[PDB]
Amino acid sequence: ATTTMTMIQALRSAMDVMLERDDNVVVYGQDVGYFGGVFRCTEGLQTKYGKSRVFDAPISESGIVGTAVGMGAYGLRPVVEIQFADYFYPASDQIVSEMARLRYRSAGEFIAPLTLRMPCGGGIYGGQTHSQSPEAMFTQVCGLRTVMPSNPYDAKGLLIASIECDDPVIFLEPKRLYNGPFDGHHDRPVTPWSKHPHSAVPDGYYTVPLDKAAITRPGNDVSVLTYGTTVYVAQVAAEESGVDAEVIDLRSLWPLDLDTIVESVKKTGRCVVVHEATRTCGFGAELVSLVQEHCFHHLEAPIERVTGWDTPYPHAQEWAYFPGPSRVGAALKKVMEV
């Protein structure tokens, strides 16, 4: 059957499905056990499957990822969490130097079928260590697979799919979209998921193929490359600018769906990249570099990108940093200009 869930509830369902589908699936991290997670994403999972399957861990990122790597070497499928993406740094070495290169350097003898869930994104008065977007620290790592959903349905499918993949997967989860969609309007109080599209999630097993982007708003004017919270910001911003922009939610940052992208810009003739992360060397720099390579001639204007400023995430100036429907919309016009 089907039930209406929030992203939190969706992700929880995915783990519940896998924990039940694969005896080798394990879940653990800070406060993930008895408490059920600081975001409720793992509620009751320990009560239902036991301490040996879902449990609390010491405050050590490197230790969490490290033991998980050794666990995978044995033959387990570890789904581990990092309370906030802002706190993945301590696990940098284990992630880059170990998890990613495990299969390569061992010629397949040992593998890292691990999944690391990390809440990310801003727009919640989180501050410097409560709302950054480190996707660019991962996608440049040969051996990793970076994924980020934008709605309940996709959140479950991509997690179940990310979990089963035999490659290490960095599963980014936009905390901003945990309770409901967010377009970037703080004036208009936000609504839940039960009153919006894509909150209908199947109770059992199902997936959402990786390496496959998705068009959110079919358009012919401009190609909009994005993911996460800026997906709903591009949709609304397009409606405000009037621009018949095509909104593309990559879903899979890297590897990504190079065709669905080169195909939308091929038709359109212009694209704009939108992501929360800082600008310089952000993920948006790779998207731009690929578009300019497979769509140089069919390009009818300079490729634009609306992202966060090259500054640490502020608290007070929240709305001045976050690329909202406004600053984004302005971009949808600057590109449609001759």
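Residue numbers run from 1 along the displayed sequence.
- Averaged over Cα atoms, the B-factor as recorded in the entry is higher for 289 to 297 than for the other of 39 to 47 and 289 to 297.
- Averaged over CA atoms, B-factors in the entry run higher in 246 to 254 than in the other of 121 to 129 and 246 to 254.
- Across the residues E109, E135, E263, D167, the deposited record lists the maximum Cα B factor for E263.
- By the numbers in the PDB entry, the CA B factor is greatest at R327 among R12, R327, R21, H315.
- In the deposited entry, the Cα temperature factor of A57 places it in the lowest third of its chain's modelled residues.
- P90 sits in the lowest third of its chain by CA B factor, as recorded in the PDB entry.
- Among the modelled residues of its chain, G184 has a C-alpha B-factor that falls in the highest third, as given in the PDB entry.
- Split the chain's modelled residues into thirds by C-alpha temperature factor. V80 is in the lowest one.
- Placement of the Cα temperature factor of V208 within the chain: middle third of the modelled residues, per the deposited record.
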